[PDB]
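Order of the sequence lines sets the chain letters (A, B, ...), proteins ahead of strands, with each chain counted from 1.
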Amino acid sequence: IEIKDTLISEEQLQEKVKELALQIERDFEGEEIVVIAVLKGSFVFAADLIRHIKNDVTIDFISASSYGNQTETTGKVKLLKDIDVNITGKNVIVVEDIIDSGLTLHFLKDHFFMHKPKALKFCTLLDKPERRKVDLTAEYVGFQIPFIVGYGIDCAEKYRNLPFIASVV
Amino acid sequence: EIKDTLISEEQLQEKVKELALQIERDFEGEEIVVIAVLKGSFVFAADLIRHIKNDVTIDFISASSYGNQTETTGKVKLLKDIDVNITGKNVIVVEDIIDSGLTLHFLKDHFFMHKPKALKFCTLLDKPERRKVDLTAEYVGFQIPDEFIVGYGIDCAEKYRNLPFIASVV
Ligand SMILES: [Mg+2]
Ligand SMILES: [Mg+2]
């Protein structure tokens, strides 16, 4: 596994993240927000995003694993770590590094709705809408891209520490 | 409410860069596994690893208190154990704060059971005057007085983790 080319630079990422934060602040003027980051890959994006949000922010994490084929086709995942914070009647933004088929995030969506939040929006750094297997439109999207690593995203647990996003093989 | 800024955003960025250099020096030519103690160390970890040029693998651990027992013996309940293989690897455990050191001493024994090649501790903030056990962190960002702080991943009742600086609260 070797890196090929830089796809999105460190500076592009920082500018885009600042812009997404402004969009979020506008949509929730004067109100608290709960940010739920999907581990592990979104942790870098989440760390940068929340630091630009001036609203009172509560952050928590969720971890989910695959059941096998079932996950690839239906999005059914096993909750490994559920949320600790209260999102009932709250504004919730679920943060991902990537959304492609949307199957797993759709399943996570239903789980969060059981908690009865006031609002539930999705924020992803990268989006691949051509890979959708279900209806799921993210309200906040950093970049639409055409295997990648960096900025929290790995390849076999490697390269999460790159400050930029790159193509690999 | 927030009282005063204790460590600025810029001071944090400079210090984090410096800790990363110290880490690179100690592991010249080798891969490193970074294990961050959730939830408070996630911001520090995100910034620290981006300055480390070595091949880095990151994972997370979550531990909770059993009550008084934790405050006096460090005994904590592992809520989420590591997924990655640290056997024969260089491991750096990343914390936001080390005070009594009781809990990290307990986590140290847990990781040793995995037989890593090396195991070091890196904390953003250290309060050595609060030690109840012998534990010297190899990497320390700042020595702070025994006071309540928030920001840069650290909360007070789940509030203020999103401040880009560290502040006192009263
Ligand atoms: Mg993800
Ligand atoms: Mg901690």
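Residues passing the side-chain hydrogen bond (donor to acceptor under 3.5 Å, both in side chains) test with A:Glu157, sequence neighbours excluded: A:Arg160. Residues meeting the salt bridge (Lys or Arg N to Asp or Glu O under 4.0 Å) test with B:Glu9, sequence neighbours left out: none. By the salt bridge (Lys or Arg N to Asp or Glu O under 4.0 Å) test, B:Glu18 pairs with B:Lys15, sequence neighbours left out. For B:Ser64, the side-chain hydrogen bond (donor to acceptor under 3.5 Å, both in side chains) criterion is met by no residue, not counting sequence neighbours. Every side chain to side chain contact (heavy atoms under 4.5 Å, CB included) that A:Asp5 has, sequence neighbours left out, goes to A:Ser167. A:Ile148 is linked by a side chain to side chain contact (heavy atoms under 4.5 Å, CB included) to A:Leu7, A:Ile98, A:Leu126, A:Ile145, A:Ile153, A:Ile165, counting only residues two or more places apart in sequence or in another chain. Contacts of B:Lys120 classified as salt bridge (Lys or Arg N to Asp or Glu O under 4.0 Å), with partners at least two apart in sequence or in another chain: B:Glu138. Every residue was checked against the salt bridge (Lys or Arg N to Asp or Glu O under 4.0 Å) condition with A:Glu72, not counting sequence neighbours, and none meets it.
Residues A:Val94 and A:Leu105 are in side-chain contact: their nearest non-hydrogen atoms beyond the backbone lie under 4.5 Å apart. With contacts defined as side-chain heavy-atom distances shorter than 4.5 Å, the pair A:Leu49/A:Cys123 qualifies. Using a 4.5 Å cut-off on side-chain heavy atoms (C-beta onward), A:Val77 and A:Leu108 make contact. Using a 4.5 Å heavy-atom cutoff, the side chains of A:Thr74 and A:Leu103 are not in contact.
Distance check: B:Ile52 CD1 to B:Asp47 CG gives 11.0 Å after rounding to the nearest 0.5 Å. The line from CG of A:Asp135 to OG1 of A:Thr137 is 7.5 Å long, rounded to the nearest 0.5 Å. Interatomic distance, B:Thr123 OG1 to B:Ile98 CD1, rounded to the nearest 0.5 Å: 4.0 Å. Distance check, rounded to the nearest 0.5 Å: NZ of B:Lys132 to OG of B:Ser100 gives 6.5 Å.
Neither side chain, B:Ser8 nor B:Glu10, offers a donor N or O lying under 3.5 Å from an acceptor on the other. Judged purely by distance below 3.5 Å, without hydrogens or angles, the side chains of B:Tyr152 and B:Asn162 never pair a donor atom with an acceptor atom.
For A:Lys76 and A:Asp110, the salt-bridge test fails: no basic side-chain N is under 4.0 Å from an acidic carboxylate O.
Summarising the local packing, CD of A:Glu2 is surrounded by 12 or fewer heavy atoms from other residues, nucleotides or ligands at distances under 6.0 Å. Crowding of A:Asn69 atom CG: a count of heavy atoms from other residues, nucleotides or ligands under 6.0 Å not exceeding 12.
Residues B:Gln143 and B:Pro128 approach most closely at NE2-CG, 3.7 Å, considering heavy atoms. When all heavy atoms of A:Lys81 and A:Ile62 are compared, the closest pair comes out as O-CG1, 3.2 Å. Counting all heavy atoms, side chain and backbone alike, A:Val92 lies closest to A:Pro117 at CG2-CB, 3.8 Å.
Legend: salt bridge (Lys or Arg N to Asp or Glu O under 4.0 Å) pairs involving residues 88-104 of chain A, not counting sequence neighbours, sorted by first then second residue: A:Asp100-A:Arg131. Annotation: ring pair (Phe, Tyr, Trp, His ring centres under 6.0 Å) contacts involving residues 99-135 of chain A, sequence neighbours excluded, comprise A:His111-A:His115.
Hydrophobic cluster membership for A:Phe147: A:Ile1, A:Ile3, A:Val149, A:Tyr159, A:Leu162, A:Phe164, A:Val168 (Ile, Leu, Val, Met, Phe, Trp, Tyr linked by side-chain heavy atoms under 4.5 Å, directly or transitively).
The cluster map of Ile, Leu, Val, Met, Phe, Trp and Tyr, joined by side-chain heavy atoms under 4.5 Å apart, puts B:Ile2 and B:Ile149 in different clusters. Side-chain heavy atoms closer than 4.5 Å link hydrophobic residues (I, L, V, M, F, W, Y) into clusters, and following such links, even through other members, never connects B:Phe148 to B:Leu124. Linking ILVMFWY residues whenever their side-chain heavy atoms come closer than 4.5 Å, directly or via other members, places A:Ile50 and B:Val16 in the same cluster.
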Requested in this report: For side-chain contact (heavy atoms from CB on, under 4.5 Å), just list the numbers for A:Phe61 and A:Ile83, CA-CA rounded to whole Å, side-chain angles, deciding distance to a tenth of an Å, and then say yes or no.
Outcome: CA-CA 6 Å; A:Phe61 302 100; A:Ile83 59 168; over 6 Å; no
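A cation-pi contact, defined as under 6.0 Å to the ring centre and within 45° of the axis, is absent between B:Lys77 and B:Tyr66.
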Pairs under 3.5 angstrom only: tabulate donor-acceptor contacts from the side chains of residues 19-45 of chain B to other protein residues two or more places apart or in another chain.
unit_1, atom_1, unit_2, atom_2, d
B:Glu24, OE1, B:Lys53, NZ, 3.2
B:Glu24, OE2, B:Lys53, N, 2.9
B:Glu24, OE2, B:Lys53, NZ, 3.1
B:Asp26, OD2, B:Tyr139, OH, 2.5
B:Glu30, OE1, B:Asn90, ND2, 2.8
B:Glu30, OE1, B:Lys117, NZ, 3.3
B:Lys39, NZ, A:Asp60, OD1, 2.9
B:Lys39, NZ, A:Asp84, OD2, 2.8
B:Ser41, OG, B:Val37, N, 3.2
B:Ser41, OG, B:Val37, O, 2.7

